[PDB]
Amino acid sequence: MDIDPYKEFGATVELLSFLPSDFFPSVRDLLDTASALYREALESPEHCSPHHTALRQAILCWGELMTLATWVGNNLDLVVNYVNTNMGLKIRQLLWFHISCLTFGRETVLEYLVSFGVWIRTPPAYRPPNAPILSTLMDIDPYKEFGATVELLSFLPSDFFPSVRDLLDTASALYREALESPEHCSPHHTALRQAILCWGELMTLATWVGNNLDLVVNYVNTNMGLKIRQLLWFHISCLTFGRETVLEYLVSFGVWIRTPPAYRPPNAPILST
Amino acid sequence: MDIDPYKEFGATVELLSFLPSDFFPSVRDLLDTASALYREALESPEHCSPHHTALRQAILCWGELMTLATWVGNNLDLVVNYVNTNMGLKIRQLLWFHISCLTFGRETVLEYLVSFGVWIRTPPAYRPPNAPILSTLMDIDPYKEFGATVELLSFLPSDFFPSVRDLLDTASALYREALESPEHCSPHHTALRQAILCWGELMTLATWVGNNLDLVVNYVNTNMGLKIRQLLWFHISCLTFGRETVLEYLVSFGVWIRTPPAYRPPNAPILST
Amino acid sequence: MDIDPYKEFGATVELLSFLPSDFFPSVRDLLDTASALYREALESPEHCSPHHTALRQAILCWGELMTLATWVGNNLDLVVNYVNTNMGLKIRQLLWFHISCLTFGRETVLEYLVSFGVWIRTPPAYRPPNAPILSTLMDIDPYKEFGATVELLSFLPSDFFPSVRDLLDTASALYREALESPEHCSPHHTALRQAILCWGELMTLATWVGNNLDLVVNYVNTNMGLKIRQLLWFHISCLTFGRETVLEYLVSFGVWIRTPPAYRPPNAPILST
Amino acid sequence: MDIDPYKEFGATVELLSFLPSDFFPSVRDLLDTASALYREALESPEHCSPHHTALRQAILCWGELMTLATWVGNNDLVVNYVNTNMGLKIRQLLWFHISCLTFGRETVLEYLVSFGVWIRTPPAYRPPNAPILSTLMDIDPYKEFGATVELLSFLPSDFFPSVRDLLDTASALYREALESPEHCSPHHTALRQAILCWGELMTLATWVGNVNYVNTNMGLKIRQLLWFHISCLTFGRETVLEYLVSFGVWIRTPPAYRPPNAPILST
């Protein structure tokens with residue numbers, strides 16, 4: 001799947017390439033800006049916007065990118081300036097786009113990307129002195145806006161969830177025409193596009209540790225692979241079975257696992273359509 | 001042309017990849033099932049369904065794949081277990097899909113491919129014991145449903161028909177947006193998609209004989225190439241000129257060939273738009 | 001951008017590949033035909049047709065292809081028979097398509113390309129003697145139909161205009177879905193599709209001089225690169241800012257350049273959205 | 001930008017090439033005819049005609065040519081060059097506008113055709129009387145437009161762009177009407193004459209260079225004329241006239257009693 005993170009919001013990757021690489025603030029400057037203004041809505045049990053759904057996933061994706069980044073530094077700073085060049089640059093553009101579309105409006109940021117493009121394409125002998133400005137003058141749960149918890153997702157066994165290869169094959173076989181659509185179509189589609197993109201960022205970083213500096217691939221499939229297996233399984237199943245069905249299946253299969261085998265139905269529950 | 005055999009029926013190739021490779025019955029088990037239930041409608045002079053059109057072509061494609069398979073065995077069983085691995089697997093999925101969509105309904109088989117996908121993605125420690133089942137509890141003429149015969153197509157000379165390169169170039173230049181469409185659009189489009197796919201299966205098999213074991217390419221252009229040249233010419237011309245025009249052109253050019261040259265119009269008939 | 005020159009007119013490149021390479025007349029025979037019939041409308045200050053817009057650009061593109069062709073012959077006839085084989089063949093098909101669609105109607109030329117395809121696919125033993133015929137029995141300004149001149153575009157400094165890389169990046173980031181559309185959508189889109197295609201023809205020819213016979217790339221960025229930078233800048237800006245705004249900006253920035261710095265506003269004018 | 005001095009008046013250069021070069025009266029004879037008949041109108045604050053406007057710039061252009069010619073004779077070989085090249089084109093322009101003021105414009109255009117028939121006739125059949133036209137001074141260049149020389153005298157010499165930069169602004173904005181066969185304004189008529197007056201001034205200066213003090217005496221006067229008519233076409237006449245008032249208050253104010261930025265002409 002070639003999924004654009006900006007396509008459902010009316011932008012593309014090449015449209016945000018109009019701003020230079022050093023236009024964007026640091027991740028600390030942007031994560032402080034989100035918590036200064038949207039910390040009560042980014043931790044709300046509501047969707048509230050597609051921009052809030054896409055911002056919650058990018059905040060959790062950077063934490064998993066930085067969990068792997070410090071772990072390689074303990075178990076081999078050459079790893080961390082590669083993250084700031086490749087993965088952290090994509091995080092900074094994605095954080096900047098959603099924070100400023102919340103602050104200023106999505107049409108305003110799309111008008112501004114065009115206006116800054118005309119300004120930066122001007123040669124410096126004819127460029128105006130003032131650039132265009134956009135001025136109008138935190139622990140997140142990935143499942144909370146969908147009615148679940150990390151506690152309810154871990155209520156099921158660790159080895160219950162299918163492989164990350166089988167889930168990306170399922171999303172490609174069933175939702176490739178909608179995950180690559182320029183529409184939102186659901187909050188499940190928004191949270192699933194970011195999960196597919198974030199797994200590509202970690203799989204880019206994990207093979208870079210493997211080629212340059214192979215114990216890291218076992219670690220990412222234990223901690224970050226299990227978290228992406230539950231995240232892919234949750235949103236795929238809520239698309240094909242419904243969100244209320246998957247929430248009741250989590251407490252049906254969970255109590256069935258806890259029940260002694262002599263006093264439960266003999267076969268495991270399953271979701272079927 | 002990248003044509004999917006399942007795209008007009010609401011499926012794809014990656015959706016039928018949910019079932020494993022050894023899920024599908026043998027070709028003998030599936031050809032007996034079609035003759036046990038649909039032998040009077042697969043030999044009817046009617047379309048009756050897009051599933052019947054697509055099933056008639058797959059039955060004739062397997063006969064031409066097995067005509068070439070035994071001929072290489074006489075004129076070099078290493079050839080026949082390559083057919084069972086590559087071409088015969090694609091035949092078994094295609095026979096299974098149309099026979100079961102006729103038997104059970106097309107929406108039922110599409111629901112079943114999803115339900116079997118959830119079951120096979122489950123790890124075996126948590127998988128239910130009973131898999132999903134789909135249970136609800138022969139000489140074909142390729143031209144007969146279109147009003148022609150093999151006898152009427154051979155009424156024209158052998159070297160009249162254009163090359164297979166020129167006909168695939170014509171279908172690409174004129175019908176690529178409709179042959180790759182997810183619609184049916186005609187019974188001519190259904191029978192033409194299978195002919196383009198079947199020529200790719202024979203051209204895959206014929207170069208495999210050429211690389212591994214070059215007399216085979218002369219044989220496929222004599223017997224199977226002439227049959228695919230008339231099949232491509234018939235459906236392309238019926239799309240651009242109309243089916244009733246091509247049926248009258250076959251008896252106009254055919255009798256003109258038989259007539260002595262002193263008593264016919266001096267130039268050959270042609271189809272023009 | 002993969003732009004087809006014929007896609008907005010209902011044809012494609014593979015549809016005009018039905019005619020052989022030596023079907024098309026020479027460029028002298030086609031440029032004389034355009035001046036014999038359409039010289040007063042190809043020099044008019046009007047659009048008059050999408051066929052007239054596309055024909056004006058192809059005439060100017062051949063002049064810039066032949067300006068570079070004779071300049072290499074003075075500053076290294078092996079260069080000029082490469083132009084007649086590769087770039088001049090594309091010019092001859094493009095000149096033939098628009099001149100005959102003006103003369104005979106666009107639906108007539110599209111019917112004729114199919115009818116000639118049936119005739120040329122026929123083997124010569126069965127081919128009729130008479131082929132299908134299409135018979136019904138000059139200095140251009142690129143900006144004149146848009147309200148500007150070459151004199152008004154050179155009223156701005158030479159180094160004002162952005163690089164040809166930045167302008168093709170801007171058209172890709174903002175108009176790729178419409179420049180590759182099968183619609184016309186504007187006379188600005190028609191004149192911009194031909195400019196992107198013509199720069200590819202000159203960049204193909206300029207590296208062929210560089211590989212086979214590197215002073216030529218400096219020459220094309222002085223004469224032909226400056227002309228394509230103003231042409232790309234004009235049509236991109238008229239799409240995002242409006243045509244009347246860019247025409248007033250050309251006389252605002254032009255007089256501001258001429259004004260002494262003590263008696264003008266201190267910063268250069270800019271276009272902003 | 002090639003401007004025909006007679007295209008807005010119904011003639012061409014090729015139509016006035018029917019008359020020979022020695023047909024035309026001397027500049028002194030033509031300026032006396034203008035002074036005796038048209039002086040209260042050629043020194044009037046009115047336009048009164050497009051012929052009066054074109055005649056005012058032609059009298060003022062000959063004075064700048066004679067000021068340039070009498071200087072380079074002090075620093076008579078050049079006066080035989082002025083009378084052969086620049087004095088001849090002034091004499092055609094002075095004759096044409098005096099005669100279209102005296103006899104009317106359609107009489108002079110008809111007289112040009114009739115003199116061509118006479119001059120093309122072989123001399124055995126050409127009548128002895130040539131056809132003749134019988135049946136009927138300190139000028140300010142800005143006075144007909146509401147301005148004066150004194151009103152524009154406050155703008156410093158570095159206010160104005162180059163003559164090249166002013167001829168490009170005229171060609172990039174107004175070439176379609178400066179080469180038109182219409183009048184379109186009195187600002188277009190005066191602009192046509194000033195571009196041709198600079199062309200006569202420049203060919204004299206490049207000839208005597210085979211010296212460019214003309215860029216502080218005559219090029220400065222051309223630059224204000226080129227600026228005033230371009231600006232009055234761009235911004236309007238009343239916008240330029242009230243800008244010249246407000247710029248003069250600013251430039252008469254000493255430093256430390258004025259804002260450090262001059263007024264800008266726009267909007």
# chains A, B, ... in the order shown; residues from 1 in each chain; ligands from 1

call {"tool": "residues_around", "arguments": {"residues": "residue 180 of chain C", "least_positions_apart": "3", "cutoff": "9 Å", "atoms": "only C-alpha atoms", "output": "ChimeraX atom specification"}}
result
/C:1-4,7-8,175-177,183,193

call {"tool": "interface_residues", "arguments": {"of": "chain B", "to": "chain C", "cutoff": "6 Å", "atoms": "only C-alpha atoms", "output": "list in words"}}
result
residues 162, 173, 267, 268, 272 and 273 of chain B

call {"tool": "closest_residue", "arguments": {"among": "A:107, A:139, A:248, A:77", "to": "residue 152 of chain A", "atoms": "only C-alpha atoms"}}
result
A:248

call {"tool": "residues_around", "arguments": {"residues": "residue 256 of chain B", "least_positions_apart": "2", "cutoff": "12 Å", "atoms": "only C-alpha atoms", "output": "JSON, numbers by chain"}}
result
{"B": [155, 156, 157, 249, 250, 251, 252, 253, 254, 258, 259, 260, 261, 262, 263, 264, 265, 266, 267, 268, 269, 270], "C": [126]}

call {"tool": "residues_around", "arguments": {"residues": "residue 106 of chain C", "least_positions_apart": "5", "cutoff": "9 Å", "atoms": "only C-alpha atoms", "output": "PyMOL selection string"}}
result
chain C and resi 9-10+97-98+100-101+111

call {"tool": "write_last_selection", "arguments": {"atoms": "N, CA, C and O atoms", "output": "PDB file, in the first residue's frame"}}
result
ATOM      1  N   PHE C   9      -8.113  15.006 -26.044  1.00  0.00           N
ATOM      2  CA  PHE C   9      -8.843  14.997 -27.302  1.00  0.00           C
ATOM      3  C   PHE C   9      -9.446  13.637 -27.628  1.00  0.00           C
ATOM      4  O   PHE C   9      -9.835  13.405 -28.771  1.00  0.00           O
ATOM      5  N   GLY C  10      -9.525  12.731 -26.662  1.00  0.00           N
ATOM      6  CA  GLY C  10     -10.168  11.459 -26.894  1.00  0.00           C
ATOM      7  C   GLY C  10      -9.301  10.388 -27.513  1.00  0.00           C
ATOM      8  O   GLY C  10      -9.799   9.284 -27.754  1.00  0.00           O
ATOM      9  N   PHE C  97      -2.331  15.274 -36.262  1.00  0.00           N
ATOM     10  CA  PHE C  97      -3.550  15.024 -35.505  1.00  0.00           C
ATOM     11  C   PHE C  97      -4.384  16.286 -35.348  1.00  0.00           C
ATOM     12  O   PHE C  97      -5.610  16.233 -35.450  1.00  0.00           O
ATOM     13  N   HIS C  98      -3.749  17.429 -35.113  1.00  0.00           N
ATOM     14  CA  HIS C  98      -4.515  18.642 -34.877  1.00  0.00           C
ATOM     15  C   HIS C  98      -4.948  19.316 -36.166  1.00  0.00           C
ATOM     16  O   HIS C  98      -6.016  19.932 -36.198  1.00  0.00           O
ATOM     17  N   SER C 100      -5.674  17.727 -39.023  1.00  0.00           N
ATOM     18  CA  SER C 100      -6.765  16.937 -39.567  1.00  0.00           C
ATOM     19  C   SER C 100      -7.996  16.923 -38.674  1.00  0.00           C
ATOM     20  O   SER C 100      -9.098  16.716 -39.180  1.00  0.00           O
ATOM     21  N   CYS C 101      -7.850  17.154 -37.372  1.00  0.00           N
ATOM     22  CA  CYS C 101      -9.034  17.296 -36.530  1.00  0.00           C
ATOM     23  C   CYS C 101      -9.701  18.643 -36.735  1.00  0.00           C
ATOM     24  O   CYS C 101     -10.913  18.768 -36.544  1.00  0.00           O
ATOM     25  N   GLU C 111     -12.610   8.062 -35.748  1.00  0.00           N
ATOM     26  CA  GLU C 111     -13.159   6.968 -36.545  1.00  0.00           C
ATOM     27  C   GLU C 111     -12.152   6.467 -37.569  1.00  0.00           C
ATOM     28  O   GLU C 111     -12.105   5.271 -37.868  1.00  0.00           O
TER      29      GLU C 111
END

call {"tool": "residues_around", "arguments": {"residues": "residue 202 of chain A", "least_positions_apart": "6", "cutoff": "9 Å", "atoms": "only C-alpha atoms", "output": "PyMOL selection string"}}
result
chain A and resi 61+64-65+68+87+220+224

call {"tool": "write_last_selection", "arguments": {"atoms": "N, CA and C atoms", "output": "tab-separated table (two decimals), in the first residue's frame"}}
result
chain	number	residue	atom	x	y	z
A	61	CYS	N	3.42	7.17	17.80
A	61	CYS	CA	4.41	6.62	16.89
A	61	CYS	C	5.80	7.15	17.20
A	64	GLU	N	7.21	5.23	20.24
A	64	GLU	CA	7.73	3.92	19.88
A	64	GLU	C	8.98	4.02	19.02
A	65	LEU	N	9.11	5.10	18.25
A	65	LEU	CA	10.36	5.33	17.52
A	65	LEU	C	11.49	5.71	18.47
A	68	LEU	N	12.65	2.49	20.65
A	68	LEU	CA	13.64	1.71	19.91
A	68	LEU	C	14.96	2.46	19.78
A	87	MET	N	13.34	9.61	10.17
A	87	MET	CA	12.03	9.39	10.76
A	87	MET	C	11.53	10.63	11.48
A	220	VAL	N	11.96	-5.87	18.29
A	220	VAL	CA	10.83	-5.10	17.77
A	220	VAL	C	9.60	-5.97	17.57
A	224	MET	N	7.23	-3.80	20.11
A	224	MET	CA	6.52	-2.97	19.16
A	224	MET	C	5.72	-3.77	18.15

call {"tool": "atom_distance", "arguments": {"atom1": "atom CA of residue 59 of chain C", "atom2": "atom CA of residue 35 of chain C"}}
result
10.8 Å

call {"tool": "select_by_dssp", "arguments": {"residues": "segment 124-209 of chain D", "states": "helix (DSSP H, G or I)", "output": "number ranges by chain"}}
result
D: 143-145, 152-154, 163-178, 186-208

call {"tool": "atom_distance", "arguments": {"atom1": "atom CA of residue 34 of chain D", "atom2": "atom CA of residue 205 of chain D"}}
result
28.2 Å

call {"tool": "residues_around", "arguments": {"residues": "segment 37-53 of chain B", "least_positions_apart": "3", "cutoff": "7 Å", "atoms": "only C-alpha atoms", "output": "list in words"}}
result
residues 33, 34, 56, 57, 98, 102, 138, 140, 144, 145, 187, 190 and 191 of chain B

call {"tool": "interface_residues", "arguments": {"of": "chain D", "to": "chain C", "cutoff": "6 Å", "atoms": "only C-alpha atoms", "output": "PyMOL selection string"}}
result
chain D and resi 161+165+172+264

call {"tool": "write_last_selection", "arguments": {"atoms": "N, CA, C and O atoms", "output": "mmCIF file, in the first residue's frame"}}
result
data_model
loop_
_atom_site.group_PDB
_atom_site.id
_atom_site.type_symbol
_atom_site.label_atom_id
_atom_site.label_comp_id
_atom_site.auth_asym_id
_atom_site.auth_seq_id
_atom_site.Cartn_x
_atom_site.Cartn_y
_atom_site.Cartn_z
ATOM 1 N N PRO D 161 13.709 57.352 -13.722
ATOM 2 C CA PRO D 161 14.511 56.234 -14.225
ATOM 3 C C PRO D 161 15.245 56.588 -15.505
ATOM 4 O O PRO D 161 15.141 57.716 -15.997
ATOM 5 N N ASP D 165 14.919 52.662 -19.404
ATOM 6 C CA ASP D 165 13.880 52.120 -18.537
ATOM 7 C C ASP D 165 12.525 52.771 -18.766
ATOM 8 O O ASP D 165 11.500 52.152 -18.470
ATOM 9 N N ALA D 172 6.277 48.178 -23.058
ATOM 10 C CA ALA D 172 5.647 47.008 -22.459
ATOM 11 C C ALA D 172 4.214 47.267 -22.030
ATOM 12 O O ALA D 172 3.473 46.309 -21.794
ATOM 13 N N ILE D 264 5.243 58.280 -2.452
ATOM 14 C CA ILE D 264 5.272 57.246 -3.480
ATOM 15 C C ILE D 264 4.051 57.437 -4.366
ATOM 16 O O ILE D 264 2.942 57.645 -3.863
#

call {"tool": "decode", "arguments": {"residues": "segment 33-49 of chain D", "atoms": "N, CA, C and O atoms", "output": "short mmCIF file (atom, residue, chain, number, x, y, z; two decimals), in the first residue's frame"}}
result
data_model
loop_
_atom_site.label_atom_id
_atom_site.label_comp_id
_atom_site.auth_asym_id
_atom_site.auth_seq_id
_atom_site.Cartn_x
_atom_site.Cartn_y
_atom_site.Cartn_z
N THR D 33 5.57 81.27 -39.55
CA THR D 33 4.18 80.98 -39.91
C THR D 33 3.39 80.47 -38.71
O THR D 33 2.22 80.81 -38.55
N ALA D 34 4.03 79.67 -37.86
CA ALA D 34 3.38 79.22 -36.64
C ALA D 34 3.20 80.38 -35.67
O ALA D 34 2.13 80.52 -35.07
N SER D 35 4.21 81.24 -35.54
CA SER D 35 4.15 82.35 -34.60
C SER D 35 3.11 83.38 -35.03
O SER D 35 2.43 83.97 -34.18
N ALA D 36 2.98 83.61 -36.33
CA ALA D 36 2.07 84.65 -36.80
C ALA D 36 0.62 84.21 -36.75
O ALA D 36 -0.27 85.04 -36.54
N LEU D 37 0.34 82.92 -36.92
CA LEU D 37 -1.02 82.43 -36.99
C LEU D 37 -1.48 81.71 -35.74
O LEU D 37 -2.63 81.86 -35.33
N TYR D 38 -0.61 80.90 -35.12
CA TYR D 38 -0.97 80.04 -34.00
C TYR D 38 0.02 80.28 -32.88
O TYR D 38 0.97 79.53 -32.70
N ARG D 39 -0.19 81.33 -32.11
CA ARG D 39 0.66 81.55 -30.95
C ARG D 39 -0.14 81.63 -29.67
O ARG D 39 0.30 81.10 -28.65
N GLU D 40 -1.31 82.25 -29.70
CA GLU D 40 -2.19 82.23 -28.54
C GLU D 40 -2.81 80.86 -28.31
O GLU D 40 -3.29 80.60 -27.21
N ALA D 41 -2.82 80.00 -29.32
CA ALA D 41 -3.27 78.63 -29.17
C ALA D 41 -2.13 77.66 -28.90
O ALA D 41 -2.34 76.66 -28.22
N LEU D 42 -0.94 77.95 -29.41
CA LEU D 42 0.22 77.12 -29.12
C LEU D 42 0.87 77.47 -27.79
O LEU D 42 1.81 76.78 -27.38
N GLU D 43 0.41 78.53 -27.13
CA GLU D 43 0.82 78.87 -25.77
C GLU D 43 -0.37 78.91 -24.84
O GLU D 43 -0.36 79.59 -23.82
N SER D 44 -1.35 78.21 -25.16
CA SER D 44 -2.61 78.13 -24.45
C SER D 44 -2.58 77.02 -23.42
O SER D 44 -1.84 76.04 -23.56
N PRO D 45 -3.38 77.13 -22.35
CA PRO D 45 -3.55 76.00 -21.42
C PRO D 45 -4.57 74.98 -21.89
O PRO D 45 -5.04 74.17 -21.10
N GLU D 46 -4.91 75.00 -23.18
CA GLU D 46 -5.84 74.06 -23.78
C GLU D 46 -5.08 73.11 -24.69
O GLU D 46 -3.94 73.37 -25.07
N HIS D 47 -5.72 72.00 -25.04
CA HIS D 47 -5.17 71.14 -26.09
C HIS D 47 -5.44 71.74 -27.46
O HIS D 47 -4.52 71.86 -28.28
N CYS D 48 -6.71 72.04 -27.73
CA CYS D 48 -7.32 72.69 -28.89
C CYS D 48 -7.37 71.83 -30.14
O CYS D 48 -8.25 72.05 -30.98
N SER D 49 -6.53 70.78 -30.22
CA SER D 49 -6.42 69.85 -31.35
C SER D 49 -5.35 68.82 -31.01
O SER D 49 -4.48 69.10 -30.19
#
